[PDB]
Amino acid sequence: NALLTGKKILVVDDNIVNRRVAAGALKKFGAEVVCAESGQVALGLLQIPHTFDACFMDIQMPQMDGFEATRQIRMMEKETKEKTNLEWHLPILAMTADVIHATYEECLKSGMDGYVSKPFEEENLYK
């Protein structure tokens, strides 16, 4: 697959600037993008059945972080599978750039000169 034409993608992030950046990146490849400012708003949009092909999930959000949002999505999918035999599995990718940048920023602020980086630390994972 070269393009995201015909795909509809949910971007979940409490920071509107991140939502704009992520949306612009995905639309460049043809995606239709819907934004959600919280995990709560996202769970509402993902009530099964829904029309989303993938979701990018911020980690640090107040009230409900991205891990709790994801657990709730997987619980919904598990209930539907058990009640209907239909197996939904929304692709969910974390947006980890924020947490990594914040870690390096605190290293710098504390007075460190740099960091040791192992090959895995800055790679993306699409599993």
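Don't overthink the numbering: it's just position in the shown sequence, from 1.
Relative to one another, 14-22 and 115-123 have unequal mean CA B-factors, and 115-123 is the one with the higher figure.
A summary of the deposited B-factors shows that, of 89-97 and 58-66, the stretch with the larger mean C-alpha value is 58-66. In this PDB entry, residue 32 carries a Cα temperature factor that places it within the middle third of its chain's modelled residues.
Ranked within its chain, residue 79 lands in the highest third, by CA B factor from the PDB record. Sorting the modelled residues of the chain by their CA temperature factor places residue 102 in the lowest third.
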